[PDB]
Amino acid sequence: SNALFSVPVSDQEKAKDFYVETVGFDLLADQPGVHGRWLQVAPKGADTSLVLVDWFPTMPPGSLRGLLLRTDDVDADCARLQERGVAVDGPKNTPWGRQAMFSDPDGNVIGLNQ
């Protein structure tokens, strides 16, 4: 089911480089919006998208925690991320799936769960 979450970033261009080019989420839109540059990405195969925003000051840049996105191969994702210079915690098993966390340039933590 469709869901959209707003990730607080300090520099939208650097965030685009990270999420689209480094992590490999697909770019869905990069166009003017009501509050600023509307920059929207989503994992391939997913119906959950992230908007990389800078206009919600109650959410300081890099403050996001506690987000998990489904993946079909968390070990593959982690190997690719570490190869590309990204900090990764995990993978680790839980009763609810096999999960890992990584941080974006501002410190937002993105979780992946298989």
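Numbers for residues come from their place in the sequence shown, where the first is 1. Take the two forms, superpose them, and find the largest set of C-alpha atoms that agree within 1.5 Å; that set is the rigid core.
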Quiz prompt | Greater root mean square CA deviation, 20 to 28 compared with 6 to 14 in 5 other deposited structures of this protein, core aligned | solution = 20 to 28
Self-check item: Greatest C-alpha divergence in 5 other deposited structures of this protein once each structure is fitted on the rigid core, 76 to 84 or 42 to 50
Solution: 42 to 50
Self-check item: Mean C-alpha temperature factor, higher of 62 to 70 and 37 to 45
Solution: 37 to 45
Self-check item: Between 12 to 20 and 94 to 102 (mean CA B-factor, as deposited), the higher
Solution: 94 to 102
Self-check item: Lowest, middle or highest third - CA B-factor, residue 51
Solution: lowest
